[PDB]
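Peer 1: Sharing a structure, written as structure tokens. Questions coming.
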Amino acid sequence: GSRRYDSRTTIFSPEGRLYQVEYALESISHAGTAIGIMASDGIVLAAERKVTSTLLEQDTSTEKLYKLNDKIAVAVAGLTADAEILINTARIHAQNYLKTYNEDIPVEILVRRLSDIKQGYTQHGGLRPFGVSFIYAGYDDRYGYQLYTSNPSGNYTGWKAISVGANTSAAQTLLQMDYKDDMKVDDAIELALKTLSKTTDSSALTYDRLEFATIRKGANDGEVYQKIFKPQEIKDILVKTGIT
Amino acid sequence: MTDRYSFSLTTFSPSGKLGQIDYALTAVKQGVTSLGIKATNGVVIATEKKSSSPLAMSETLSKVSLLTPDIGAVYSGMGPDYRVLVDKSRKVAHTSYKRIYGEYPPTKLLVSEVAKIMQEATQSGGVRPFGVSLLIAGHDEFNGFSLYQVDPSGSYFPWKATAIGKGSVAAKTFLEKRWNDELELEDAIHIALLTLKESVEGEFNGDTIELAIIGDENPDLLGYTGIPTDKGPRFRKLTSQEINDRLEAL
Amino acid sequence: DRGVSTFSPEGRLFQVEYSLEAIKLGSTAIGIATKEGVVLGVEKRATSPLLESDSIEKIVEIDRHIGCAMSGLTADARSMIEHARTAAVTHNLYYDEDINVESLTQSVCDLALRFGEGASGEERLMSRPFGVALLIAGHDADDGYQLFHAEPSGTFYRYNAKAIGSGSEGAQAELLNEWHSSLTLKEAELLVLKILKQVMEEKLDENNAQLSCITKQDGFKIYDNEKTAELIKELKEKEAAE
Amino acid sequence: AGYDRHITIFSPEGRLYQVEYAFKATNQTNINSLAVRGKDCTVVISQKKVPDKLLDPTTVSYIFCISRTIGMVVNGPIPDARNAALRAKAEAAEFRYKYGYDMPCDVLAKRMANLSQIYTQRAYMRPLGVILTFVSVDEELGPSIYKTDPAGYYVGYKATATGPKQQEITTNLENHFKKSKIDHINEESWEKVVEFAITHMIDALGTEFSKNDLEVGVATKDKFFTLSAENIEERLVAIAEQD
Amino acid sequence: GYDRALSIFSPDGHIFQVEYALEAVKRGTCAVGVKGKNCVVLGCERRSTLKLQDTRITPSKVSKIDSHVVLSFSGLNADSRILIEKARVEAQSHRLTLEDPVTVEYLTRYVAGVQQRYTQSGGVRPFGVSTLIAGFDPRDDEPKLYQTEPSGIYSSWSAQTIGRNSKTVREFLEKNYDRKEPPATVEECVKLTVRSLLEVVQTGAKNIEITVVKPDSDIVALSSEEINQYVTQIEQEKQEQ
Amino acid sequence: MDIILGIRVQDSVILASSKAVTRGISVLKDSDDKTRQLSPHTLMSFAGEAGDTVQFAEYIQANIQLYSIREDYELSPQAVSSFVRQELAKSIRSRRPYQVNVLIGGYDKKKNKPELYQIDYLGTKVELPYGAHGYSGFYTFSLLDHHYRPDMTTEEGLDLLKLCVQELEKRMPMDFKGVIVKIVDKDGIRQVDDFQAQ
Amino acid sequence: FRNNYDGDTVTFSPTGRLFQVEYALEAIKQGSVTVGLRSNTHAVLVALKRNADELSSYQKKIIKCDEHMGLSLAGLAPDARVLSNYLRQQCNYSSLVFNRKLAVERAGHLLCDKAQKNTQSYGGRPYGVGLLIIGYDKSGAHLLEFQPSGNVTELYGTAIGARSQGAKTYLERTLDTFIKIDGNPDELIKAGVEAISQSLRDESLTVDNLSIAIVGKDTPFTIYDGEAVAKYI
Amino acid sequence: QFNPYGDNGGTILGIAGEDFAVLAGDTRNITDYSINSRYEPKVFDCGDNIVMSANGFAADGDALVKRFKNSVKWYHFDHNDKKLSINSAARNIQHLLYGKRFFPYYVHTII
Amino acid sequence: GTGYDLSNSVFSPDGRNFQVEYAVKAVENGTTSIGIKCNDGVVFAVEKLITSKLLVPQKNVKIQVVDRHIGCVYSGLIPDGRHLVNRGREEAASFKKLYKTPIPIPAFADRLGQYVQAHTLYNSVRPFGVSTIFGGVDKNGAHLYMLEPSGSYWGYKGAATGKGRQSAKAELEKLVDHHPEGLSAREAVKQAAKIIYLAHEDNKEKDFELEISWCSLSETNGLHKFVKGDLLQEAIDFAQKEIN
Ligand SMILES: [Mg+2]
Ligand SMILES: [Mg+2]
Ligand SMILES: [Mg+2]
Ligand SMILES: [Mg+2]
């Protein structure tokens, strides 16, 4: 019957590893790099659109930076289509929570729930893992600005700065080297772009090749704010940081 | 009996490749060239009606399909996969949207729905992925004119213009040369026809070519009048004759 | 990679024969049945000096007149006991009487061959056989004191004495010589403690071996350390004697 | 493992071998068939071959009545053909009940083709090794030929032919329609269009037929029927007094 | 729908998936647990491949199951969450239907039960997790410490470690743990714990974490400086002879 | 019905709950505590149909206890009642609804403000200075309308309650066997054990 | 060949054989012998019971299905439990619903149909047991031989299990004698112990070893073990 | 409106002696004012020396008698031909009966 | 690279389904069985290999009746054909319940046809190891059919299958030439006994038992009945006399 054709996606290797998760993680390594850096007064998300044309509509596009609710956003590396499946259910879990508690979902709870879905595909059902890694950038009034990563395995961790996708080794050492805890947000913007400049496989790093977003807080307001950068604004911020 | 295949038939190979998605894209590569170009006041989708016999009637098989009165589709790849993707796309436009909000979905959202339908053939138990790439052209009040590509992976991106299938690499080069953000609709039709001549071997006229636009409303395809806020569909598939007019003065 | 309930050309089930292998690797367990009670003895076999050797439960109560010993993959036994205890308690509820030992055993063994899909049978949800054999000892009014050997093969045998586990083939040949129909309870308690001492790798103290019995009068009792301690003391003396 | 050749998944070159092999099975009967459109009718001709003398020749047919109006001929093994015929009759009945008007030829074809496309994608189903030619005089489209295959493909034909010698007949008709310049046969009575088909089947294949070598189905306004040997015998007599 | 039998016997009588599960634990970061006379202390090591970490938010290894019982683990972090969540749920359910919080052995028997089932149910793979469960039965002062492994097996321990280089730390403990007289202080029990990790960590200034459980739901975790004071007084003492 | 009263003063929330358990013709107990502590700083009282009353209260209790352990965090009172309201709103359209009216009194640690929530069995929630369920309201509300000041102390609030309980012991046809009073403030939950003779 | 076509019962060999079924039939041969024979008034089952150690029980091989019908097993004992349990139900169903004792011929048809279902579906396995079914219904004495393949045959006498070929030849020779033992139970059993003796390299058939069951005319199905079979050894 | 229950009259008596027992009943089955049968026994032998009557609604009576008789049969099959003692039988019946607690067997029953 | 014959629903490169072809083998290996359609009824005969004196004569019945008017005989795996007739009985009752009229033989044939074909559609089942000869008298004539493991069935003047299949078809073809007139109910019973006797030449080393059944508008009222006693012995003798 069927047994012949089963890849058995949820089995251990003799080394105690999960083939599918590892090859999924291998897949992600080829995907464009995403970086998140958390400062005292906000968070930065930067990502590299992998492969472009001059005919690609830059404005009406989204492939790496997605909004989950008003306080939580994600950087994506891997299969875009898989990510949207997970992103939608995440957007929903955030809303179920609001309906139940009349408060916005705390970032960790969102991250755990999503990662628990991922761990599922790892352990039963015999389907392939989601070929997706996530940087989560969020704010809640318990832990302030938070940064999280999750991958196909179902594991999430918290960070001061992190990167997913291609060249994370190169990127992770560069961040570890220039990151100071009491960074202001405009320092963190600058560092994120530098690191991406230094890891790219392209000629250089133009605006059409970037997605960029910040979670801030207009100092004379007392409430959080998400800003996804329009293609023009990324070109502005590329000039000031000194890579024209 | 019963689908005893409840496990994925698309898995990750050691190198990180998804085998079945790669091979699906290969089938698209052999498909007859289709293309789409976006103007400032309209969009155009075109393809070649490659006839498998001169005994077949090529009208009885549309490669260009209306999805909503404001959204059209075209493809490269396996016809049959496209046909059932068109029926599902039409249906989801009602079930997931029209029956909820009393209006048709905007272009991105419907696209996104098709993308979801394909993504699932890439993960669900006991299926291969869809062997087509879709070009979807639409208009909606709040986003204006748009053109989207959907790959067997379930991945979609917006385009100013692009082509898929056979001579797509040549055509994408051809299109980069001729595109600008000041194009009127008539001009993009003209460019579309030219780009498609490169890929067309045999006869090239309004019988061997299928071409559709997303223009302004045709108050005359509506079928009724009296409701002044219904001007009718923006999708119009051009006639065998209408195509030839633009060729006799090509 | 064939099915799970494939037959070998010899005419035996693959997964059921391999489970029997898993059992041989298990702790030694010995049961001896007299006309004064049934005795159950196990090897604890702590994998380290740091392990608290009495948190090892290889002898369990099923009812006040039925207890069992296990050998093999011992986590697999948890659900077999749960079902057994339930079968007994249930049977009491329906009938205001103690369940027969042969009936309790039959009930446990029914569970054992249920490893399928529901296709061409009924419903058989469970992926692999149990990795554990059981010695089921008890009393009832119809057949008095009884000792049963329960396998993952579905079959179960009645025994006057039986040993399962790593020492199983050597310990058995020993029981063959010692066992006679007139054995007293104390004589059986010593015999269990003797044969365990032999096949165990370790030096048998009241910590890496456990004793129990079921008599009609006092039911099924586990022997605590002090009482087991004094029965080893007595074996040393009686073996040095001749 | 070369298992990409056993179920309906993609080969590295992007093909589905099981689909391709299912086409092979269609020719396994070694029956040739063709379809042509009259002025207001549609006719299908099939080779009737009865190899065994022990067979009841009246039960040996590859032409099926789907509805009052739809007829279907099958190139391919009989068990898959009857499997396909039954679905079609069930699909056609239910269309009428739900929608209150006779299932149109082309729509039935689209449905059957949609069922085929499914066996192409869902792994547990094998394709049906048959090619299905549908005929009727549609109340809206006029006389109609619509054909589907294991690929999930379907199109409308001016005329078509199928079987091991698909090509001889196809080219024969390809020629005729160029000299005649019209995309049908300009003839009022169906009896004459039935003859025309039998004639170009002889001339393409290069063989003569007796009333027991052919099988004929005719579609008219509101009815589809098959000819008996005697109704064909009349046809074979008619052709032979002129050519 | 999917029920393929993944955990099966091989001819040598072995269930390869459960043994490979153990291999995953073997590569998990080391966890240790030792018990005193009036406390149980749980230690874990932290990895230092990447350490630009936000330790405020990152999941810690020692998890509360009820207010009187904790659970640390070694192996796949994702799988651990599926046990911790189930065990927390079962703790509340027990309080609800029995009107008393779980005994430490019960909470353990329950987790083990779950782990076992995943080794003989179709379509599911075993948990690549081993656990140490520590705490005090309600209204009791006699300390408890248990260990479970993927096979569904469990038992109590005077002290035990699991994960990578656990042979080394168990070795240390088999030498340095006296059952005649266990650690009598909170302090002298925490010291014995830090010592055993130092055989594996190599500077645990911020790569060692410690949690102290006491009778009556009295559980607190130490911070770097508090642990730093132990690392300091251990290596200075070990220096001279 | 049972008496369920609540008053939000300034530093805290005060909950009074009748002690009687009447089944049919007999009073079966005169020392009944119609309350559950949901978390260290959140208290719920309840009155209604026989079995439902406790079974629901205990259920909600376990669910908040689970949430606290999962998040090592105590939800705000505002969030607890929102959860409770949803449970009841779900319950009303089920095959057999929980017939339970509750009061939720809590001290919010973020805002440092006490809060009193009244929810009936239908899922009708409102935040109030003072609330009551059943007939209690008809007597006590008017008396509290008069004597309530938002800046009352725990002491003054207890005086104001003593006045409500007296009015009910006077005009209520039923002997509800006195009350059990509990205070919810920044230092947790305590019980004023001396309300029989105070 | 062989190797490739024996992974499950859903597969035919190129010869046209079902290897999983034939390996099931091999469990029978590997199993302890049992014999069946009928006259016109009675039907007997005789069985050699097999033990593991010399300290173990002799595992029982005869099961009662109803008051007028029973069977003997050779092969996988848990499977004979599954099938007799099913057969009990069918006997029971007939009494309750139609107030009719189930025809022995029909019990065969029922078992066949149940066994057959296992030989055509994926993830199933054939029954690994042979069965001999005796009964006295409304048309006299009956003996059935059941194979895991689904083949149920009505015979006068037969044997299955290890070395059963010796007993089978004996009965083929004694046919005309035993068919006429009408009205004497004791003599028909004597001829059933004599028949089972042609299948012994082992040893003397003792008190704990032997198992005999009888049904017919004026006797409900009953089983004998112990001193019950003393007068027959 | 269909009423699932009827009444067939009859009366039964059971007296436990010091080493014996009797269970008696009339042979009369009746509907309303008509007689149905003058001989219709409703006291039954169930083997294992247990006699039983389920008097009241005759359809539910036969159903219970039949179900318990079958319990006896299946007790032998499941427990190596053990005798079902009177106390055991009683408990068994309590379960047969309470099993239909929400659509009762309309019978006063005596064994 | 091959392996085309391991799963049931797989097409080989030349278009064949090998499992069905292997099924046929088990049929050809089986006992021989035949059917003869006369001018008002149908005759069904089968060979019964007596392995031993122990088999009870007259007892092990192979021919099955479906409804009251249909007879079935099959060669090959006996338990399969039993199962197929079980499905045939369900199908016949269901049809009668809805339509009142007892099921027509063509109607009935397709019911088996559709069900048998449906066992060549998925790898999760195997094909039927039987060829089935069946028929009876309906509202317009007698009908004779034969059904292959493939699902294929046709109407026959005469049909044969099993070990003696080739010699039978030869005898059958003779009859079709001598009597293009008809051939009565009473004659075909004798002629079937002959054709079974001649086809026993192949299974010659083992002794056999003949079994005949018929369904005739004039001789059985259009109902299926077994040939017994005097008429059976008269046809056995006709076969013996004409074997020399
Ligand atoms: Mg043929
Ligand atoms: Mg398929
Ligand atoms: Mg398949
Ligand atoms: Mg009793």
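Chains as they are written, first to last, in the authors' numbering: chain B, 4 to 63, 63A, 64 to 144, 144A, 145 to 200, 202 to 204, 204A to 204B, 205 to 216, 216A to 216B, 217 to 218, 218C to 218D, 219, 219E, 220 to 239; chain A, 4 to 102, 102A, 103 to 147, 147A, 148 to 200, 202 to 209, 209A, 210 to 217, 217A to 217B, 217D to 217P, 218 to 236; chain D, 9 to 123, 123A to 123G, 125 to 144, 144A, 145 to 180, 180C to 180E, 184 to 202, 205 to 209, 209A to 209B, 210 to 233, 235 to 244; chain G, 6 to 34, 34A, 35 to 143, 143A, 144 to 179, 179A to 179E, 180A to 180D, 184, 184G to 184H, 184M, 186 to 218, 220 to 240; chain C, 7 to 62, 62A, 63 to 143, 143A, 144, 144B, 145 to 180, 180A to 180D, 182 to 203, 206 to 243; chain J, -1, 1 to 90, 90A to 90B, 91 to 105, 105A to 105C, 106 to 181, 183 to 193; chain E, 4 to 60, 63 to 180, 180A to 180F, 183 to 204, 206 to 207, 207B to 207E, 210 to 233; chain L, -9 to -1, 1 to 70, 70A, 71 to 101; chain F, 5 to 180, 180A to 180F, 184 to 199, 201 to 206, 206B to 206C, 207 to 218, 218A to 218C, 219 to 241.
The beta-carbon is built from N, C-alpha and C at its ideal position, and this holds for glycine as well.
1) Quick one: list the residues of chain B neighbouring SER81/J, beta-carbon separation under 9 Å, in chain order.
2) Just to make sure I have the definition right: I need the residues of chain G whose C-beta is within less than 7 Å of the C-beta of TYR8/B. Which are they?
3) Quick one: list the residues of chain E neighbouring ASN161/D, beta-carbon separation under 7 Å, in chain order.
4) DSSP state of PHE99/G, grouped into three classes?
5) Give the DSSP-derived three-state secondary structure of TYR175/E in the structure shown.
6) Between the stretch 33 to 42 of chain E and the stretch 148 to 160 of chain F, do at least 3 Cβ pairs fall closer than 8 Å?
7) Based on the DSSP output, what are the partners of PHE138/F in its beta bridges?
8) Using only the heavy atoms of ligand 3, determine whether one of them is closer than 8 Å to the beta carbon of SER13/F.
9) Can you tell which of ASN205/F, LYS52/F, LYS225/F has the C-alpha that lies nearest to the C-alpha of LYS191/F?
10) Please determine if the stretch 13 to 33 of chain B and the stretch 21 to 38 of chain C are in contact, where contact requires at least 3 C-beta pairs separated by less than 8 Å.
11) Ligand 2 heavy atoms versus the CB of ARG6/B: any closer than 8 Å?
12) Would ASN127/F count as contacting chain B if we go by Cβ distances under 9 Å?
13) What does the Cβ neighbour count give for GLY7/G, buried or exposed, with the cut at 16 atoms within 10 Å?
14) Any residue with its Cβ nearer than 5 Å to a heavy atom of ligand 5 should be included. What is that list in chain order?
15) Can we count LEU101/D as close to ligand 4, meaning its CB is less than 8 Å from some heavy atom?
16) Taking only the alpha-carbon atoms, compute the straight-line gap between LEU70/A and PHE138/G and give it to the nearest angstrom.
17) Measuring CB to CB, does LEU81/D end up less than 9 Å from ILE21/C?
18) If the criterion is Cβ atoms closer than 9 Å, does the pair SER80/J and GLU73/J meet it?
19) Quick one: is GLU86/J near chain C, going by C-beta distance under 9 Å?
20) Got a sec: does ligand 3 put a non-hydrogen atom nearer than 8 Å to the Cβ of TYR160/F?
21) Under 7 Å between beta-carbons, which chain B residues line up against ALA117/C? List them in chain order, please.
22) Taking the continuous alpha helix (DSSP H) assigned at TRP65/L, which residues delimit it?
23) At the 9 Å Cβ level, is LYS72/L part of the contact set with chain D, yes or no?
24) Going by DSSP, what residue range makes up the alpha helix (DSSP H) through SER16/J?
Peer 2: Here's the rundown:
1) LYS101, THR102, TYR103, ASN104, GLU105
2) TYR8, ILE12
3) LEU58
4) helix
5) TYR175/E: helix per DSSP, three-state reduction.
6) No, they do not touch.
7) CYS76/F, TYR149/F
8) yes
9) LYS225/F
10) yes
11) no
12) Chain B contact via Cβ: present.
13) Exposed, because fewer than 16 other Cβ atoms sit within 10 Å of the Cβ of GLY7/G.
14) Ligand 5 is not among the ligands present in this structure, which contains only ligand 1, ligand 2, ligand 3 and ligand 4.
15) no
16) Approximately 27 Å, taken between the alpha carbons.
17) yes
18) no
19) no
20) no
21) Within 7 Å Cβ-Cβ: nothing; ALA117/C doesn't reach chain B, min ~17 Å.
22) 49 to 69
23) For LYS72/L, the answer is yes, since a Cβ of chain D falls inside 9 Å of its Cβ.
24) Careful: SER16/J lies outside any alpha helix (DSSP H), inside the beta strand (DSSP E) at 11 to 17.
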